[PDB]
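Below is one structure, written out as structure tokens; comments come after it.
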Amino acid sequence: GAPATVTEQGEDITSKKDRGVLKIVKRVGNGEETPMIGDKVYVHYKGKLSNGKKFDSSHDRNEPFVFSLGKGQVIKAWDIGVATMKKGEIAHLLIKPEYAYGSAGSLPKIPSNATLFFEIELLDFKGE
Ligand SMILES: COc1cc2cc(c1OC)O[C@@H](C)CCn1cc(nn1)CCCOC(=O)[C@@H]1CCCCN1C(=O)[C@H]2C1CCCCC1
């Protein structure tokens, strides 16, 4: 499925080229602009453990998930991945534990050394 396709054909967007954050663009956005550190960003997302044992959607809240980019308000893989996205874009990310919750995890919700998958839609971003 989606996670396996990202393993096989996904772009490595880490600085370290360690395959810790892999990306496929599923729908292209608009304009050239991508968000800067500090920008307020608005997204819809669906997320799961790679084996599918916990599943979370912003659609379950009916409302966008909102955060300031690059302030570590989310896991490092989102700061990395969303910074690459254009307004309107939908992308898949597959993420190793080092760019998510690591060997400590976040129990009971996230186990130790968990790989994560997300589908992300970038709705908008606005300057500080
Ligand atoms: C580790 O705890 C959680 C992880 C995730 C979601 C969590 C959560 O409980 C705080 O709550 C959901 C269920 C309620 C909405 N929400 C998101 C956040 N705070 N509240 C932000 C929490 C930080 O989350 C993240 O950095 C990432 C990226 C942003 C969206 C949510 N993220 C998650 O890791 C989910 C997680 C995805 C994998 C399946 C299980 C949930």
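Data overview
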item: Selection count where residues are within 12 Å of the ligand (Cβ to nearest atom) and either part of a helix (DSSP H, G or I) or of a type outside the set (A, V, I, L, M) (or both), scope segment 73-94; result: 8
item: Candidates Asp56, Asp12 - the one that is under 17 Å from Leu93 (Cα atoms), touching a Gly at 6+ places or on another chain (Cβ under 6 Å) and free of Cβ contacts under 8 Å to residues at least 12 places away in the same chain; result: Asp56
item: Of all residues in segment 99-128 being among the β-branched types (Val, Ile, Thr) and in a strand (DSSP E or B), the one that is nearest to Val43 (Cα to Cα); result: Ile120
item: Tabulated pairs, segment 113-125, first farther than 12 Å from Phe65 by Cβ and free of Cβ contacts under 8 Å to residues at least 60 places away in the same chain, second more than 11 Å from the ligand (Cβ to nearest atom) and not aromatic (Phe, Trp, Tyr), C-beta under 6 angstrom, 6+ apart or interchain; result: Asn113/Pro97; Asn113/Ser103
item: Qualifying residue in segment 79-95 (condition: out of contact with any strand residue (DSSP E or B) (no Cβ under 7 Å at 6 or more places or on another chain) and hydrophobic (A, V, I, L, M, F, W, C)); result: yes
item: Matching residues in segment 60-72 - criterion: being of a type outside the set (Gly, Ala, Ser) and not in a strand (DSSP E or B); result: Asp60, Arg61, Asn62, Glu63, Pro64, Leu69, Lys71
item: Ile37, sole failed condition from (1) crowded, with 17+ Cβ neighbours inside 10 Å; (2) over 20 Å from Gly1 (Cβ atoms); (3) aliphatic (A, V, I, L, M); result: (1)
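Quick grid of which residues meet (1) near the ligand (Cβ under 9 Å from one of its atoms); (2) farther than 24 Å from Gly1 by Cβ:
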| site | (1), (2) |
| --- | --- |
| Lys23 | no, no |
| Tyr45 | yes, no |
| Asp60 | yes, no |
| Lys71 | no, yes |
| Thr115 | no, no |
| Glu119 | no, no |
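None of the figures in this text is laboratory data; all of them are computed from the coordinates on show. For neighbour counting, all protein chains shown are included, and Cβ atoms are generated from backbone atoms with ideal geometry for every residue, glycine included.
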